[PDB]
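1. From the sequence below, what's the structure:
(chains A and B, ligands or ions: 2)
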Amino acid sequence: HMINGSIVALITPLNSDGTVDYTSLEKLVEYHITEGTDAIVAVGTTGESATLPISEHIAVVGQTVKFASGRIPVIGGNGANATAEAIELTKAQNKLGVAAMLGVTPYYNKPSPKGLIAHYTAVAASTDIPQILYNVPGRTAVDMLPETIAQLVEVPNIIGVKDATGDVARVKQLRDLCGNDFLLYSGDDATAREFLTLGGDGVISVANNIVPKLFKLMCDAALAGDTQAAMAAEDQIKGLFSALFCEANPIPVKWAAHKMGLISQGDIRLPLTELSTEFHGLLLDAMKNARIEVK
Amino acid sequence: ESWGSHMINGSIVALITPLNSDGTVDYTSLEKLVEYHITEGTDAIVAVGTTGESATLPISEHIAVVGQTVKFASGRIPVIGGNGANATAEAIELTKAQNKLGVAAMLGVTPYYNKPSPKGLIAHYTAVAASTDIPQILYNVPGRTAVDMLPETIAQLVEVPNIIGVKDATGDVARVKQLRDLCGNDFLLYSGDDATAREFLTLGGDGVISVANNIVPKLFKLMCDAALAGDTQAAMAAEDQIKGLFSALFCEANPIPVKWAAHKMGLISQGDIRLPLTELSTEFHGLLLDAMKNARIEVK
Ligand SMILES: [Cl-]
Ligand SMILES: [Cl-]
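-> Numbering: from 1, shown residues only, chains lettered A, B, ... in the order given. Ligands and ions are numbered 1, 2, ... in the order given. Pasting the structure now:
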């Protein structure tokens, strides 16, 4: 296993015709290598998994692996709200060369704890690739509590959990019920430094899409226990921790990216839409404040 | 008239999708459900919506169920196909696969999980509607989708010719009035929350796409007719008999409880259900069985 520190939930850049832009995707992979990002999640929420059918999903992940050329672990998204669909997505990724897979809890259909367990057990049963669980009730309508996560630790290849609740007290609870070995990632930038400080292993983040160097410093300092340096680094980027959510992720981050020249176009698949004029000002300020160089 | 009456209104069942022991669709139970609803007077059937477990049926199996439900109905009862998706392309695809099935309308939940803005919601439904000429019914259920599509956004779709109304499940009955004042008197309003169905009709809604319909269609029908007719006494008297089910069918996420009930009836042959959903846990068996007795259901 041993993915940790600053993990970027990568956006999927699109051509103005709406197809995947592989030139920008390559630029982004090099960028995270050039700065010091520890891993790349390909096609999760931030990467717009909802709007990418399986064949496109497989392509973006597979291409990201190719561009990385072994220099950085790539983790592929394998979440679905049907167990059978998740298994199929998992099987189609089994030989792309991912280090791991990130699987969100089934959204919309609100299964019970027993069902989440059976769900993830059957998904993990269909692969040798390490699985990371992902709880985000703000999006899924289901809260997968630590008591539930703990019953999955014994599944050989379930290696940890991303938790986006922002509820920092869960770190202790998760440590207590799972082992020291189970990996705990934060999925809430606003509480991340704190999450690591309480004993988290790393952060699967939106903001390190656009401030990876500083986001790395913050994560490394926190893990080392240099709280002063962690807070110091957090200080400069904290503004983005709310600005990148003035409309749902990845609407703002993708605008911020195509703005810094990171990507060729700001195109986004429907039902998602490009960031409203209303927020252009707010986000340019938070961006200039994080020492991001426009234009 | 003008000319043969009935638009889709009144008491509509969000139909259960019955399964065989091996998880395939049970067509003989499906046909039995369709007869049952005809005999008992249900106004219309939504096939493969949430209660029909739409998330765990791939598009092929989805359209077979819709196609067969229409067929079993054989012109005796309107069938509404679910066409909800969180990607526009996927919902266009699903809509197109249902054109020419003999469906009276389609019902499409707002995009879930990905949380589009209102401008995105409009673009989504415009594009879905543009790809068909079957009537479309919008579906708002923030409890499951994590977007709340507000009245003011629904109003901007009223102009889109074949969008005919909205199912609202929030249980905010103040929205009937708001929606009326912004949409037509002609725009169809459906309650999606059984606990507030009666009140929703009484305030000016046109119908209820209900979960409890599955197991108490006669009294439910009675309740909806009466409230539509403005006869509050009979409606309330109808409601009182079955009100207990409006809480008890939600002790686990729908359709887990209703499926158990329908089997324990049993309208179906098997209570099997598809992962990640699981059969009702035994903890709630007594809870639901007694709620069913109080609503006049038998055997047992
Ligand atoms: Cl998020
Ligand atoms: Cl529910």
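2. you'd agree residue A:16 is up against residue A:265?
-> Yes - Residue A:16 is within contact range of residue A:265, at 5.1 Å (criterion: CB atoms under 8 Å). (Each C-beta comes from the backbone N, C-alpha and C, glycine too.)
3. quick one: which of the two has more around it?
-> A side-by-side neighbour count of residue A:16 and residue A:265, using other CB atoms under 10 Å in any protein chain shown, places residue A:265 first with 17 against 10.
4. what's the helix or strand for the more buried one?
-> Counting by DSSP states H and E, no helix or strand carries residue A:265.
5. Quick check: the gap between it and residue A:32.
-> Distance, residue A:265 to residue A:32, using CB to CB, to the nearest Å: 20 Å.
6. same check, this time on residue A:219
-> Between residue A:219 and residue A:32 the computed distance is 13 Å (CB to CB).
7. between the two, who's got more neighbours?
-> Neighbours per residue (other CB under 10 Å) separate residue A:219 from residue A:32, with residue A:219 holding more: 29 against 23.
8. what comes up buried for the helix or strand containing that one?
-> Following DSSP H and E, one finds residue A:219 within helix A:212-224. Across helix A:212-224, burial judged by 16 or more other CB atoms under 10 Å in any protein chain shown covers A:212, A:214-223.
9. Would you mind giving those residues as a markdown table with distance to ligand 2 added?
-> Formatted as a markdown table, the buried residues of helix A:212-224 follow (distance: CB to the ion, whole Å):
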| residue | distance to ligand 2 |
| --- | --- |
| A:212 | 40 |
| A:214 | 42 |
| A:215 | 38 |
| A:216 | 42 |
| A:217 | 44 |
| A:218 | 40 |
| A:219 | 38 |
| A:220 | 43 |
| A:221 | 44 |
| A:222 | 39 |
| A:223 | 40 |
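10. Same list (those residues) but as CSV, adding distance to residue A:173.
-> Shown next, in CSV, are the buried residues of helix A:212-224 (distance: CB to CB, whole Å):
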residue, distance to residue A:173
A:212, 30
A:214, 30
A:215, 26
A:216, 27
A:217, 28
A:218, 24
A:219, 22
A:220, 25
A:221, 25
A:222, 19
A:223, 20
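11. Specify which member of these is nearest to residue A:171.
-> residue A:222 (12.2 Å; CB to CB).
12. could you measure the closest one against residue A:198, distance?
-> Separation of residue A:222 from residue A:198 (CB to CB) stands at 10 Å.
13. what about residue A:64, how many neighbours?
-> By other CB under 10 Å, the residues close to residue A:64 number 28.
14. next one: residue A:247
-> Counted with other CB under 10 Å, residue A:247 comes out at 22.
15. Might you report the residue contacts of the residue nearest to residue A:186 when sequence neighbours are not counted?
-> With CB to CB, 6 or more residues apart in numbering or on different chains as the criterion, residue A:186 has its nearest non-adjacent residue at 3.8 Å, and that residue is residue A:195. When contacts are counted by CB atoms under 8 Å, 6 or more residues apart in numbering or on different chains, residue A:195 touches A:168, A:171, A:184, A:186, A:188, A:203.
16. what's the answer for residue A:227, then?
-> Contacts of residue A:227 by CB under 8 Å, 6+ apart are A:197, A:221.
17. can you do 10 Å?
-> Residue A:227 makes contact with A:193, A:197, A:221 under the criterion CB atoms under 10 Å, 6 or more residues apart in numbering or on different chains.
18. can I assume the last one is in contact with residue A:235?
-> No - the pair residue A:221 and residue A:235 does not pass the contact test of CB atoms under 10 Å, sitting 11.7 Å apart.
19. For ligand 2, what's the nearest residue on the stretch 51-200 of chain A?
-> Going by CB to the ion, ligand 2 is nearest to residue A:110 of the stretch 51-200 of chain A, at 6.1 Å.
20. Could you check how many residues crowd around that residue?
-> Neighbours of residue A:110 (other CB under 10 Å): 21.
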